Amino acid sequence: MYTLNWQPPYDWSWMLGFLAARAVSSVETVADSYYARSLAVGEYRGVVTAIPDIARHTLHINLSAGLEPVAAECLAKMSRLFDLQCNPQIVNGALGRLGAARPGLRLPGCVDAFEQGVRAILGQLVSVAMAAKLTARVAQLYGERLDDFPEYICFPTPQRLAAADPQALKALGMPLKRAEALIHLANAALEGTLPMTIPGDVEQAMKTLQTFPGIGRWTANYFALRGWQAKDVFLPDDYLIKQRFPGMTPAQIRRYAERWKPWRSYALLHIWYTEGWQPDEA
């Protein structure tokens, strides 16, 4: 019913492929031509479907009945998930050769910052496939099924996670520190200690998110990128990044990444998806 525009080029197969690898069973459904998932805007809940239209560079958003009242907030969420604000002619004209290979590359955002936080935490150490299994387990155990769309389940809400038993989450296959971290993150969301949208001083914000238990530099940086759609952050502590920077240490990688300001976030994404990439020997 709703239509949003985007500025070509846009690589929909990469975006959907990125979201597919991380899809939580019963929450999201990712196809080649569309994306769908349960969605809760406050006491309102339902299913959102995003169907791109490469031809007319338009994204069609469909909403089940229960979300109609809060349509705009739903559109705002899909626009942050799919990064429709992106001006590729600017980012590429800044990353040079680094982006030449994938010009329609976008920053996968999120639909709800608290949810992205959960994911960030359970995305530590393990592979993308195991973090996905973990998040599915947490969802099946703490989420709520939709009334009118039984196949779907809503992602666990902060209140429910704040009440959870640490051991109950642990027994799902995660370290206790990780389980406790989720419980603390949920309590921050409950009271508002968790910035739900990008703040004025991202750096200072991350610095504070780093005081929470179970949340370190990788998690806060990753959260900022995905949950706040922050455009200028790098993940030097990332397992695949250290592998892209053979030998170089995190701090090194840091000064080296600076050359990509203020689009470091996009650079991280291009480097993640450039199989044999390596730094241009200084």
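Each form is matched to the other, and the largest set of C-alpha atoms that superpose within 1.5 Å is called the rigid core. When you see a residue number, it is the position in the sequence shown, counting from 1.
The rigid core fit leaves 273-281 as the farther-lying stretch in 7 other deposited structures of this protein, judged by Cα positions and set against 2-10 and 273-281. When the two stretches 246-254 and 228-236 are set side by side, the higher mean Cα temperature factor goes to 246-254. Looking at mean Cα B-factors across 202-210 and 131-139, the upper value is held by 202-210. Of all the options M174, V91, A76, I121, the entry's greatest CA B-factor is assigned to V91. Based on the entry's C-alpha B-factors, the most elevated value among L98, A113, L185, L84 belongs to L98. For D53, the recorded CA B-factor ranks within the highest third of the chain. Only modelled residues enter the ranking. When all modelled residues of the chain are sorted by CA temperature factor, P108 is found within the lowest third. Residue-level temperature factors show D32 in the middle third of its chain, judged at the C-alpha atom.
Per the PDB record, residue ranking by Cα B-factor puts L194 in the middle third of the chain.
Per the PDB record, residue ranking by Cα B-factor puts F18 in the lowest third of the chain.
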